[PDB]
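Encoded as structure tokens, the following chain is the form deposited in one PDB entry, with no partner shown.
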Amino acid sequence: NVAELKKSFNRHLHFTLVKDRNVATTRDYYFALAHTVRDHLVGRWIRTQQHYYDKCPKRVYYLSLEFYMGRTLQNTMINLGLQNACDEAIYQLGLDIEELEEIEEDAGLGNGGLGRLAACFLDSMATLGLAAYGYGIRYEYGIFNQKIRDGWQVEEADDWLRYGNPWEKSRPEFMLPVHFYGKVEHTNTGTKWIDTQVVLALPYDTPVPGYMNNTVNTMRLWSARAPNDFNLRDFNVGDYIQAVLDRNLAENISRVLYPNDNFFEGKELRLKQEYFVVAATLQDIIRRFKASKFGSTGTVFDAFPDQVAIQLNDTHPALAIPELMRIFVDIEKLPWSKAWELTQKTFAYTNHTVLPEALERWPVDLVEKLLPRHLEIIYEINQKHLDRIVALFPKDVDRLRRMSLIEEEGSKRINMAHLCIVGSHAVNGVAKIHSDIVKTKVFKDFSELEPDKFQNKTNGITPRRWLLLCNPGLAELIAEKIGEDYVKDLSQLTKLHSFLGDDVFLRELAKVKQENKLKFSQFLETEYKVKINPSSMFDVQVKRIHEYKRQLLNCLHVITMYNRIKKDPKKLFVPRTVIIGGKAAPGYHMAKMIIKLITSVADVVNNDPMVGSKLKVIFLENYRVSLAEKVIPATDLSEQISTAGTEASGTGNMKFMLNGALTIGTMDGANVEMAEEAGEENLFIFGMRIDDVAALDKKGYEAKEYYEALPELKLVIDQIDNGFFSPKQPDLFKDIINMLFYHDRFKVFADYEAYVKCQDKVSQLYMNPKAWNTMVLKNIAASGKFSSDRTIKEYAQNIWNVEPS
């Protein structure tokens, strides 16, 4: 088995890379290994498809504009049971497998939580044997690579396909046309959408192997191509060369991921992406349905929602609803009511945020020009929707305004969330607190009519990538005590509760953490030229840079610690390495300022000789999935400090819990449920809760009162305001200060005192290894709920109506 892996490796280096070992590159070796590994799942990949054809299980289609997949090599080795053998084979060839793994580019086709949920789900659905496909866009450039230059974020193109992707297979025989612009004619043979521009969607298939089973599912991502055929409407002259160059304009549709996290930008190219992935995906689903054993019978499509479920990852693919209607009515000649019944039973919608700047509201003018037939269909859905509300509440005219899919205020906009609610048989939030707000407040008018529609499905993370892969030390240690059933049923981690008084096991737990810390410290000293204190608490905040996630609040605490040290250098101080990391959306000015502040603080703290090894600050550059795997297992304190009510769930919070970090955080999103499972006393909960925030909004938030009432806050803010951290540019952080005092929607100062006292309690506990690791163990033992396997089981039972196999 080791011997055969070596032969296979050498075959690929030879035949696939056309390389003698004498001129072989590190990248060649990565590619030879990658192909060797992929060969081992082809059999099951082809047989998984046969199985789905022969037995016709209901299929699940996860439709997302993002899949934040990270690297595939190590994950595939783990899920196929080949890691130990591949490591040994590569070692025997005089090579280091970790070095080959670092060659691989992240498939960074996502922004943050939403896209990473899609990735974990694919892994969970494959492990649970569901007939599930992921459908998205193969962006030529994913989320940008982040560099820091002079303390500022700078963006470089994520050219991830430069050298090829060995994990994908293009299937141009399954290419599909997508239409744009044109016009509508309502003829006597039906409605015709004509004079359209066509863009081709070419699918690329990546295998999604289950963990130690016979399932290999598919992720199918679409790529834009210009069509080749001459239309008699191209008779119209132009330069030949420019016409060929202008093919770029069609191909631009799948060129780059929009790097906005929780923020809507109403750009036309983005709308095209949304319809692009949706039109190609639905056509492909219909083609597979018709070619299946339920493809003939009276109309073939009566069995459709028994054979197809399509999950909408946020409102980004909301156009799927009117497109399915369009295909049913205009092309398949089904009557409206029938089509509409089938549409609702096919689609479910997942809501990921209640922040108003994230909500998709497309101007009707833009949709009219680009997708005239879909506007007509949307207007019709709304008409029949509003007729019913006038029928049920004749006197309530304002309710019609609130429940319409169209917002009429001057420039008219389509509310895509309302489209997703009326077009779906089920709508879910991603944590209890969030799903509650969704149902009872934000879509109150919709839930009162249809209470059974709105559900909760709390998020989760795959314990393959986020334990087995990223933290083998912990995985091995856990498996040695309670066996390895926990991988496929993470609720088994509760059996670790037995070892709470096992002092030898607590030393061994702490040692695994220590080894993870040593190794990441090396990474940090290689990359940042900063001397790391090995016995310091690794205090880590990693996530996209946002005002609501409040990296800024963390930063105020960093300066507070700094100042305390300067005031009394002889005083006892629990040493920390504070790591803050994450990308700012390029056009997000305040996020970019916060980054600059953090790097400005770090430079002052890291180089102050009075501080030395007590406090080091690192801005972690280019935070992404594969770096997430490095830092999270090395963490002691997980910062999850969003203002109560703002973070729908979080998922990084769960990753840290699973890898032996304690959480400091607000009662927000999934933090509440982490407290529920682990016991509130075993997290470091602080600050305002959702009701306390509501009470401060009512009363009116005055930031100045806290700055005057809290001496340590004043010195921190003054240092920032008067140039202590930017001596050559004293006024550099003016935009931040202004925001804090006059426009802070997230109430940083209001939680500052509570946050700082909480941080003191964390330091106390860190001085007591037995107490700390006793608490860590209760966290790990209670983390089973947050496996995405549990999540998918609930989606399967209560929404998709499908069964693990």
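Note that residue numbering begins at 1 and tracks the sequence as displayed. Here the rigid core means the biggest group of C-alpha atoms that line up within 1.5 Å when the two forms are laid on top of each other.
Although it is not shown, the form deposited in another entry is what the next lines describe.
| said: Core-aligned, between the shown form and the other one, one residue among 195, 332, 102, 396 moves its CA by 2 Å or more. Tell me which. | reply: Going through each option, the one that shifts is 396.
| said: Taking the rigid core as the reference frame, tell me whether residue 146 has a CA displacement of 2 angstroms or more between the shown form and the other one. | reply: Result for residue 146: no, shift under 2 Å.
| field | Core-superposed comparison between the shown form and the other one, residue 134 Cα displacement 2 Å or beyond | value | It does not, since the residue 134 C-alpha is displaced less than 2 Å between the shown form and the other one after the core fit.
| Does the C-alpha of residue 526 move 2 Å or more between the shown form and the other one once the rigid core is lined up? | It does not, since the residue 526 C-alpha is displaced less than 2 Å between the shown form and the other one after the core fit.
| field | Residue pair residue 674, residue 261 - Cα distance in the other entry, closer or farther (3 Å or more) | value | Relative to the displayed form, residue 674 and residue 261 move farther apart in the other entry - a change of at least 3 Å between their C-alphas.
| request: Say whether the C-alpha atoms of residue 460 and residue 262 sit closer together or farther apart in the other entry than in the form shown here, given that their separation changes by 3 Å or more. | output: Here the pair is closer than in the other entry; there, farther apart.
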